[PDB]
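Only one structure is covered here, and it is reproduced in the block below.
Within every chain, numbering begins at 1; the chains are lettered A, B, ... in the order of the sequence lines, protein sequences first and strands thereafter.
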Amino acid sequence: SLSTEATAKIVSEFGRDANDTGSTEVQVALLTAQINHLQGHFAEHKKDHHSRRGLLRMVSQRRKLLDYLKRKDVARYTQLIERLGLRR
Amino acid sequence: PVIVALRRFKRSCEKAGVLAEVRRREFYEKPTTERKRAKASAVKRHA
Amino acid sequence: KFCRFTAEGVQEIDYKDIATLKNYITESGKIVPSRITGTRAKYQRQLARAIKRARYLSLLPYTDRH
Amino acid sequence: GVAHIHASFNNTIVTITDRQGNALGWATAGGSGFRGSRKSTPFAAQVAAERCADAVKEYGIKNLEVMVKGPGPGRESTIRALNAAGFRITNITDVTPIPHXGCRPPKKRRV
Amino acid sequence: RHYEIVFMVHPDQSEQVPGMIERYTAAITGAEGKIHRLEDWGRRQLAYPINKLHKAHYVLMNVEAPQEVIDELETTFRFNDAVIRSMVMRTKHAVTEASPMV
RNA sequence: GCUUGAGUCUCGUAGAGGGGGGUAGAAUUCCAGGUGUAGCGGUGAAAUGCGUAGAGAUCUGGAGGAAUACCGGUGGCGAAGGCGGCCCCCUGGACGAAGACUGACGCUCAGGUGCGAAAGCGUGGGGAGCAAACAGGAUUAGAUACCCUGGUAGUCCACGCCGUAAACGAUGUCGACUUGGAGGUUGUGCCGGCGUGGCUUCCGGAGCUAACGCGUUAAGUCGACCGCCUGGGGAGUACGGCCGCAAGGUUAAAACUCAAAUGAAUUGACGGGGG
Ligand SMILES: CN[C@@H]1[C@@H](O)[C@@H](O[C@@H]2[C@@H](O)[C@H](O[C@H]3O[C@H](CN)CC[C@H]3N)[C@@H](N)C[C@H]2N)OC[C@]1(C)O
Ligand SMILES: CN[C@@H]1[C@@H](O)[C@@H](O[C@@H]2[C@@H](O)[C@H](O[C@H]3O[C@H](CN)CC[C@H]3N)[C@@H](N)C[C@H]2N)OC[C@]1(C)O
Ligand SMILES: [K+]
Ligand SMILES: [K+]
Ligand SMILES: [K+]
Ligand SMILES: [K+]
Ligand SMILES: [K+]
Ligand SMILES: [K+]
Ligand SMILES: [Mg+2]
Ligand SMILES: [Mg+2]
Ligand SMILES: [Mg+2]
Ligand SMILES: [Mg+2]
Ligand SMILES: [Mg+2]
Ligand SMILES: [Mg+2]
Ligand SMILES: [Mg+2]
Ligand SMILES: [Mg+2]
Ligand SMILES: [Mg+2]
Ligand SMILES: [Mg+2]
Ligand SMILES: [Mg+2]
Ligand SMILES: [Mg+2]
Ligand SMILES: [Mg+2]
Ligand SMILES: [Mg+2]
């Protein structure tokens, strides 16, 4: 999992404040960081199917949050995906 | 089971469970069969 | 009966504490079941791990015949 | 010396050895006038023990450590017969091999 | 990360252990680790024969260190023919109290 | 807009959860030697087999593979399949306590996609033990079996394929509600007790059910969405499609034919079931 220090930097970068942990932007940024981190794990551990199920949940959860944010506010959505390097 | 002394040897072999172990290891027991007997004995003591 | 590890409030069993561990093995060196010693389940698992680590380091025997 | 009792379900082998495992003499239930059902009995093992105790008359052994191996009928009666033959039975030790898992055993007999 | 390290030395190198302890802890301290506990139990009786031997010389070390330099130490144990056996274990915390042996 | 559903953060907890790497002890087999001598092995009884070219037994050394006794538990973990020595590395989920944060972001899901025991298939390794096939010995009226002696694929590893099982709780997922009793396991709060959570086993109330039974982990009382059934046989077969190296999987008829087939429970009778 992502460290306390890496988590706290993401929360500061994308949150309103240090305690805005629930923001859609923060959640998406945290999932993105962990998804990106795990690419190295699965490159080595191709048959770790059990852990990969957890990865796919992160992918699905991110998709659902991005979809929520898009219709709630496309301007926030558009910036977020640009900053994180997401196609959508 | 290192050891009237002969009765003491019998008792030490009962407690290590030597003969029970050997008898159980004579023939292969499928995992399905082993789980089945574990359940049946669990139910038994629970009665 | 009764769990001594809950009585003493120990966090871990410690593989180094051979004095204690020797109370939980038979003369054959086999781990004694919790039903006989009255150890609690959580401590029985810690105990089994401690004994196995001690056996590896040759602080306890695996068997009466090495 | 050491008395090694190989007590199987079908037969008993008694080998008397020195304390370094060099064999001095031996006898078996099967080579003592018992075949089939009769070979795998405590009495046949008793008779095997006596004839093995006879087979090492020359070496002049006084003390016997006893090593019992296997599940068979002639575990105890063999030991008694050595005591009856007049050995100082100093030790009785079970050395029956037990795997700590080991190899898959043969399939169950559907008899 | 916190590690507990036991190693057993061949009993005909009891005199080489003071060196070993110095050299192995130079590796830890040089990589900016702590030694939290270091105990030499001396020659003990083995519970079973290891490579014909009936005795061995034990050392305990509780260490805080990077993963990397503990990997280096295990490969040192691997090829050092004096070191007959070793365990490295993670601990949750630093341990400084005297062990039940000492 | 709101915070109660759903999420995020902080700190901890238990765990055979997964992937990778290393290592330990027991045992089997084989090889090399020492001692030793006529049997061993096997069965209901035998025989094949092994043994005087020295077996079996016993001791020492070596090799190699596979599996991890005890702990061990109606114990634990996992979506299911499944997962068990010890150690490390990488990693998934669950749970609890305090608060803070987002603000319905939810539930279900045809098609789709992924995972999926064992056997099997491909290439390359490995091979102790076990063991389809096979061979011999018995048994028998016969015995292509059961039993015995051997024994090849395979079982193991890497990578790929297959996609099925009584893959079962024969019980789809999610949410709410509705008397009790006795256990287990795992958090946590206040003073051996008294609370508060999670998971789980057994009994049983109302109710439900053809009955058997289920019974707050429902087969009760309701709501959302999906999958599926429509007499037995012919048939999960044929033909066509799709998938597969193949084995085959998957989707899936019709003619013809019968008046039943079926579930649960009841009384007997019967058993090479028990008392
Ligand atoms: C597939 N790889 C596995 C690897 O995942 C790991 O297995 C662990 C196993 O060590 C743990 O269990 C073991 O270690 C525990 C402490 N870490 C204590 C109990 C012990 N049985 C399990 N709780 C989880 C498995 N995935 O170690 C064994 C292995 C075979 O290499
Ligand atoms: C339903 N039967 C229950 C059985 O489930 C179990 O219940 C425990 C209960 O004893 C625990 O609680 C009790 O025991 C705790 C022990 N650390 C301390 C607090 C005390 N209230 C709960 N935290 C969890 C339940 N599942 O143990 C007690 C019982 C009565 O036999
Ligand atoms: K070494
Ligand atoms: K949908
Ligand atoms: K083979
Ligand atoms: K009825
Ligand atoms: K077809
Ligand atoms: K019809
Ligand atoms: Mg984990
Ligand atoms: Mg397979
Ligand atoms: Mg193959
Ligand atoms: Mg065979
Ligand atoms: Mg056969
Ligand atoms: Mg099916
Ligand atoms: Mg199953
Ligand atoms: Mg089932
Ligand atoms: Mg079904
Ligand atoms: Mg679903
Ligand atoms: Mg569970
Ligand atoms: Mg009930
Ligand atoms: Mg019904
Ligand atoms: Mg078909």
Could you list the residues that satisfy side chain to side chain contact (heavy atoms under 4.5 Å, CB included) with A/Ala29, not counting sequence neighbours?
A/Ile10, A/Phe14, A/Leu84
For F/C71, does the base pair up with any side-chain atom of C/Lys52 as donor and acceptor (N or O, under 3.5 Å, distance only)?
yes
Counting primed atoms, P, OP1 and OP2 as sugar-phosphate and everything else as base, the B/S/- map of nucleotides 146-175 of chain F against protein heavy atoms under 4.0 Å is SSS-----------S---------------
Tell whether A/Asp48 reaches the base of F/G19 with its side chain through a donor-acceptor pair below 3.5 angstrom.
no
Could you tell me the Watson-Crick or G-U partner of F/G33, where both distances fall under 3.5 Å? Say none if there is no partner.
F/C59
Give a yes or no on whether a donor-acceptor pair under 3.5 Å exists between the nucleobase atoms of F/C70, that is its base, and the side chain of C/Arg55.
yes
May I ask whether F/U155 and F/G129 form a pair, defined as Watson-Crick or G-U wobble with both distances under 3.5 Å?
yes
OP1 or OP2 of F/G92 under 4.0 Å from side-chain N/O of A/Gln34:
yes
What is the per-nucleotide protein-contact pattern of nucleotides 33-42 of chain F, from the 5' end, where B denotes a base atom under 4.0 Å from a protein heavy atom, S denotes such proximity for sugar-phosphate atoms only, and - denotes neither?
-BBSBSSSBB
Atom CE of E/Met87 to atom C1' of F/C87: distance rounded to whole Å?
5 Å
Atom pairs, protein N/O to nucleotides 114-119 of chain F N/O, distance under 3.5 Å:
none

E/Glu4/C/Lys16 ion pair, N-O < 4.0 Å:
yes
Applying ring pair (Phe, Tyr, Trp, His ring centres under 6.0 Å), name anything that partners D/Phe87, two or more places apart in sequence or on another chain.
none
Decide yes or no, distance alone: a donor-acceptor N/O pair under 3.5 angstrom between the base of F/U8 and the side-chain of A/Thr21.
yes
Under 4.0 angstrom between A/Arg57 side-chain N/O and F/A94 OP1 or OP2
yes
Could you go over nucleotides 184-187 of chain F and give all protein N or O partners under 3.5 Å, atom names and distances?
from	atom 1	to	atom 2	distance (Å)
F/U186	OP1	C/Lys42	N	3.4
F/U186	OP1	C/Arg45	NH1	2.8
F/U186	OP1	C/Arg45	NH2	2.7
F/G187	OP1	C/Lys42	NZ	2.9

Check F/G96 against F/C11: Watson-Crick (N1-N3 plus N6-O4 or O6-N4) or wobble (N1-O2 and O6-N3), both under 3.5 Å. Paired or not?
yes
Sub-3.5 Å donor-acceptor pair from the side chain of C/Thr6 to the main-chain atoms of C/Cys3, do we have one?
yes
